[PDB]
C-alpha cells in the first residue's frame, strides 16, 4: 500500500480528450441550455461554447453532484483545469473536489479547491497520481448551490504507457 509525500512535478501538457467517456453523472441539463448543450459530456468535448449545467429546468437534483470520466489510459495527473461558465453568469460554485482511480472502484481524493466564476481557466494543483478515472464532484458542504455550470475540464500531465 501507498502514502502521500512531496514530489518534484513538472507543469504538464494538456491530454487532449478525443475518445474520453463521461461514464456516470449525478445531474445534467438535457434541455434548458441548448439541446446539444448542458450535458455532462459538454465538459470533455473540444467546445468552449458548450458547458455542463446541473438539471434546473422542470426539476433539479439535490447536492452533491459528481461526474466520472474514463481517460481511456493510465496518466500521471499533474494539474486539472476547469473553464467556468463565466461571461457574467450566475454560477455560484464556491467549492469543487477531485478524486482519481486506476480501477473505477477504489477512489483517492486529489484535492478540494475554491471555485471562482472567472472567464479564464482555473489551474488546480491536484495531488499527482497515476490514474485513468477522474471524478469531478460539487460537494454538499461548500456553500455550493444547485446552480453549477462548467465549459470544459482539462488534465495536464504525462501519458505513461
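Residue numbers count along the first chain shown, from 1.
- For the two regions 61-69 and 47-55, the entry's Cα B-factors average higher over 47-55.
- In this entry, the higher average B-factor at the C-alpha atoms falls on 16-24, of the pair 146-154 and 16-24.
- Note on the listed residues 109, 34, 114, 92: the highest Cα temperature factor in the record is that of 34.
- By the numbers in the PDB entry, the CA B factor is greatest at 105 among 105, 99, 122, 96.
- Per the deposited record, the Cα B-factor of residue 78 falls in the middle third when ranked against the other modelled residues of its chain.
- For residue 126, the recorded CA temperature factor ranks within the lowest third of the chain's modelled residues.
- When the modelled residues of the chain are ordered by C-alpha B-factor, residue 42 sits in the highest third.
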